[PDB]
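Asks: Here's a structure for you.
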2 protein chains.
Amino acid sequence: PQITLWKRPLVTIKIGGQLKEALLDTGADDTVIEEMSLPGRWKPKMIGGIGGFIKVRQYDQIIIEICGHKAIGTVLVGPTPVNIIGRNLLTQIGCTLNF
Amino acid sequence: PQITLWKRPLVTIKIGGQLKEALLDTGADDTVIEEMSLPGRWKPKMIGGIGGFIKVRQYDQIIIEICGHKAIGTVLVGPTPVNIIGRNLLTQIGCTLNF
Ligand SMILES: Cc1ccccc1CNC(=O)[C@H]1N(C(=O)[C@@H](O)[C@H](Cc2ccccc2)NC(=O)c2cccc(O)c2C)CSC1(C)C
């Protein structure tokens with residue numbers, strides 16, 4: 001698909017058995033999702049940007065489905081204002097910027 | 001061009017006659033640049049990032065070149081992690097996400 005940037009590029013994703021709306025973010029190195037239950041062990045971590053930092057929990061080898069494409073990678077869970085799909089997963093679905 | 005996301009999508013921009021490195025950020029609604037001198041009057045603007053909301057200075061109709069592509073638009077100036085090229089300018093230069 002070709003997504004324009006007139007509005008926020010929000011897509012529907014499936015993670016941990018639930019559906020969520022998330023933002024395709026080329027500025028995010030990783031993927032951070034609002035509080036939810038995920039399998040496996042996790043490690044504390046801090047991520048920061050505009051406005052400062054927030055603490056999140058890092059879960060690895062998490063499967064996610066975005067627009068029909070299944071990808072696997074690290075997923076951070078914490079008090080993010082918006083669910084964000086970062087580069088670590090964008091690469092997996094063959095997402096690129098074009099102009 | 002077509003930019004992959006295995007590494008941060010960093011580009012060289014030109015603003016105020018000076019070259020600077022910036023991030024093509026589809027998760028940012030606006031373009032935020034590190035402290036510098038822009039002409040004209042500015043107005044207040046609050047933007048919400050990963051860590052919360054912050055106050056920045058909004059300058060309109062600012063000449064800026066992105067990887068050789070000339071543009072003229074709104075540039076926000078404030079405490080940012082990196083120079084962020086947001087959707088307002090990404091759209092102007094005809095940038096889209098593809099997969
Ligand atoms: C988001 C994330 C996920 C995983 C690991 C680290 C991080 C932290 N990275 C970051 O925060 C990076 N940012 C990003 O990835 C941005 O796309 C960011 C995403 C976002 C959207 C809505 C709520 C909260 C965050 N957007 C904004 O900061 C943003 C949002 C709205 C208007 C605006 O003018 C801006 C600059 C811009 S600064 C940054 C290049 C460091």
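Identifiers in the structure tokens: chain A, B, ... in order shown; residue index from 1 per chain; ligand index from 1 in order shown.
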Please run DSSP on the backbone and report, as a JSON list (two decimals) with C-alpha atoms, in the first residue's frame, all residues within chain B that come out as helix (DSSP H, G or I).

Replies:
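selection_22.json, freshly written:
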[["chain", "number", "residue", "atom", "x", "y", "z"],
["B", 87, "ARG", "CA", 4.50, 15.31, 8.13],
["B", 88, "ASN", "CA", 3.87, 18.96, 7.22],
["B", 89, "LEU", "CA", 7.07, 19.02, 5.17],
["B", 90, "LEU", "CA", 7.20, 15.34, 4.24],
["B", 91, "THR", "CA", 3.84, 15.81, 2.52],
["B", 92, "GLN", "CA", 5.06, 18.96, 0.80]]

Asks: May I have the residues within 9 Å of ligand 1, computed using only C-alpha atoms and all ligand atoms, as a PyMOL selection string?

Replies: (chain A and resi 23-33+46-54+75-76+80-87) or (chain B and resi 8+23-32+46-52+76+80-87)

Asks: Measuring between only C-alpha atoms, which one of B:77, B:22, B:66, B:15 shows the shortest distance to residue 45 of chain B?

Replies: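 Nearest to residue 45 of chain B: B:77.
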
Asks: In terms of the shortest atom-to-atom distance over only C-alpha atoms, which of B:12, B:4, B:61, B:18 is closest to chain A?

Replies: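 Closest to chain A, using only C-alpha atoms: B:4.
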
Asks: Give me, please, the distance in Å between atom CA of residue 63 of chain B and atom CA of residue 34 of chain B, quoted to one decimal.

Replies: 15.7 Å

Asks: Per DSSP on the backbone, filter segment 2-96 of chain B down to the residues in strand (DSSP E) and report them as a compact mmCIF listing (two decimals) with N, CA and C atoms, in the first residue's frame.

Replies:
# COMPACT_ATOMS: atom_id res chain seq x y z
N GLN B 2 14.16 6.12 -2.60
CA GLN B 2 13.46 5.18 -1.73
C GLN B 2 14.37 4.92 -0.55
N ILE B 3 13.88 5.23 0.65
CA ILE B 3 14.68 5.04 1.85
C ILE B 3 14.18 3.88 2.69
N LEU B 10 18.10 9.44 8.35
CA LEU B 10 18.73 10.75 8.51
C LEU B 10 19.11 11.36 7.18
N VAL B 11 18.83 12.64 7.01
CA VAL B 11 19.16 13.33 5.77
C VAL B 11 19.80 14.68 6.07
N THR B 12 20.36 15.29 5.03
CA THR B 12 20.97 16.60 5.17
C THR B 12 19.93 17.60 4.68
N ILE B 13 19.68 18.63 5.48
CA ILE B 13 18.73 19.66 5.11
C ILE B 13 19.49 20.98 5.09
N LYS B 14 18.90 22.01 4.52
CA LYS B 14 19.54 23.32 4.52
C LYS B 14 18.50 24.32 4.97
N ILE B 15 18.84 25.05 6.03
CA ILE B 15 17.94 26.05 6.56
C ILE B 15 18.83 27.19 7.08
N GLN B 18 22.48 27.09 6.13
CA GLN B 18 23.39 26.13 6.74
C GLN B 18 22.90 24.69 6.66
N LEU B 19 23.85 23.78 6.45
CA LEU B 19 23.56 22.36 6.36
C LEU B 19 23.42 21.76 7.75
N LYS B 20 22.45 20.87 7.91
CA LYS B 20 22.20 20.20 9.18
C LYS B 20 21.62 18.82 8.93
N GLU B 21 21.83 17.92 9.88
CA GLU B 21 21.31 16.56 9.77
C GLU B 21 19.91 16.55 10.39
N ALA B 22 18.99 15.82 9.78
CA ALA B 22 17.62 15.73 10.29
C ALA B 22 17.02 14.35 10.05
N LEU B 23 15.98 14.04 10.81
CA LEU B 23 15.30 12.76 10.73
C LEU B 23 13.93 12.84 10.04
N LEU B 24 13.72 11.99 9.04
CA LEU B 24 12.44 11.96 8.34
C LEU B 24 11.55 11.19 9.31
N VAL B 32 10.36 19.96 13.82
CA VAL B 32 10.97 20.60 14.98
C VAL B 32 12.49 20.63 14.82
N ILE B 33 13.05 21.82 14.92
CA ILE B 33 14.49 22.00 14.76
C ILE B 33 15.15 22.56 16.01
N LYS B 43 4.92 32.44 16.98
CA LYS B 43 3.77 32.36 17.88
C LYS B 43 3.88 31.08 18.70
N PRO B 44 3.18 31.02 19.84
CA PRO B 44 3.19 29.87 20.74
C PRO B 44 2.59 28.60 20.15
N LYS B 45 3.13 27.46 20.56
CA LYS B 45 2.66 26.16 20.09
C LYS B 45 3.05 25.07 21.09
N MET B 46 2.10 24.20 21.40
CA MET B 46 2.33 23.10 22.32
C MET B 46 2.29 21.81 21.51
N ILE B 47 3.32 20.98 21.64
CA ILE B 47 3.34 19.71 20.92
C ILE B 47 3.53 18.56 21.90
N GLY B 48 2.88 17.43 21.62
CA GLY B 48 2.97 16.29 22.51
C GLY B 48 3.85 15.17 21.98
N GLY B 49 4.92 14.88 22.71
CA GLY B 49 5.84 13.83 22.32
C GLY B 49 5.74 12.61 23.21
N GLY B 52 5.74 13.74 26.85
CA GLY B 52 4.75 14.71 27.28
C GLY B 52 4.72 15.94 26.39
N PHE B 53 4.00 16.97 26.81
CA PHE B 53 3.89 18.20 26.03
C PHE B 53 4.93 19.26 26.39
N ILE B 54 5.36 20.01 25.38
CA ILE B 54 6.34 21.07 25.57
C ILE B 54 5.96 22.29 24.74
N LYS B 55 6.50 23.44 25.11
CA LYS B 55 6.25 24.69 24.40
C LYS B 55 7.37 24.92 23.40
N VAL B 56 7.01 25.35 22.19
CA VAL B 56 8.00 25.62 21.16
C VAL B 56 7.63 26.91 20.43
N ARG B 57 8.53 27.41 19.60
CA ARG B 57 8.25 28.62 18.85
C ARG B 57 7.89 28.25 17.42
N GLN B 58 6.76 28.76 16.94
CA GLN B 58 6.33 28.47 15.59
C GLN B 58 6.64 29.61 14.64
N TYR B 59 7.40 29.31 13.58
CA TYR B 59 7.72 30.29 12.55
C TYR B 59 7.06 29.76 11.28
N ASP B 60 6.37 30.63 10.54
CA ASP B 60 5.71 30.19 9.31
C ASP B 60 6.43 30.65 8.04
N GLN B 61 6.17 29.94 6.94
CA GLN B 61 6.76 30.25 5.64
C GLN B 61 8.28 30.35 5.67
N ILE B 62 8.91 29.36 6.30
CA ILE B 62 10.36 29.31 6.40
C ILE B 62 10.92 28.49 5.25
N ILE B 63 11.92 29.03 4.57
CA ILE B 63 12.55 28.33 3.46
C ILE B 63 13.45 27.23 4.01
N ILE B 64 13.25 26.02 3.52
CA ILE B 64 14.04 24.89 3.97
C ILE B 64 14.15 23.88 2.84
N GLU B 65 15.34 23.30 2.70
CA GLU B 65 15.60 22.33 1.66
C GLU B 65 15.84 20.98 2.33
N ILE B 66 15.23 19.94 1.78
CA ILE B 66 15.35 18.60 2.33
C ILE B 66 15.95 17.64 1.32
N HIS B 69 15.40 18.81 -2.01
CA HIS B 69 14.04 19.21 -2.33
C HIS B 69 13.69 20.48 -1.58
N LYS B 70 13.41 21.55 -2.32
CA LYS B 70 13.07 22.82 -1.70
C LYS B 70 11.64 22.83 -1.18
N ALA B 71 11.46 23.46 -0.02
CA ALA B 71 10.15 23.56 0.60
C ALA B 71 10.05 24.87 1.37
N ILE B 72 8.83 25.27 1.68
CA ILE B 72 8.60 26.50 2.42
C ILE B 72 7.43 26.22 3.34
N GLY B 73 7.67 26.24 4.64
CA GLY B 73 6.58 25.95 5.54
C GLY B 73 6.82 26.29 6.99
N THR B 74 6.02 25.68 7.85
CA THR B 74 6.11 25.92 9.27
C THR B 74 7.22 25.11 9.92
N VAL B 75 8.08 25.81 10.65
CA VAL B 75 9.18 25.19 11.35
C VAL B 75 9.06 25.57 12.81
N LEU B 76 9.10 24.57 13.69
CA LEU B 76 9.00 24.82 15.12
C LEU B 76 10.41 24.73 15.68
N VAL B 77 10.70 25.58 16.66
CA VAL B 77 12.02 25.59 17.28
C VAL B 77 11.89 25.38 18.78
N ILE B 84 13.82 17.22 13.56
CA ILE B 84 12.74 16.36 13.08
C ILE B 84 12.00 16.95 11.88
N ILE B 85 11.96 16.20 10.78
CA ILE B 85 11.24 16.64 9.59
C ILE B 85 9.91 15.91 9.67
N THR B 96 5.85 9.55 0.83
CA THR B 96 4.82 8.60 1.24
C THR B 96 5.48 7.36 1.83

Asks: Would you mind reading off the distance between atom CA of residue 9 of chain A and atom CA of residue 97 of chain B, one decimal, in Å?

Replies: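 Computing the Euclidean distance for atom CA of residue 9 of chain A and atom CA of residue 97 of chain B yields 8.6 Å.
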
Asks: In Å to one decimal, how far is atom CA of residue 16 of chain B from atom CA of residue 36 of chain B?

Replies: 8.7 Å

Asks: Point out the residue among B:1, B:40, B:78, B:17 with the least atom-to-atom distance to chain A, counting only C-alpha atoms.

Replies: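 Closest candidate: B:1.
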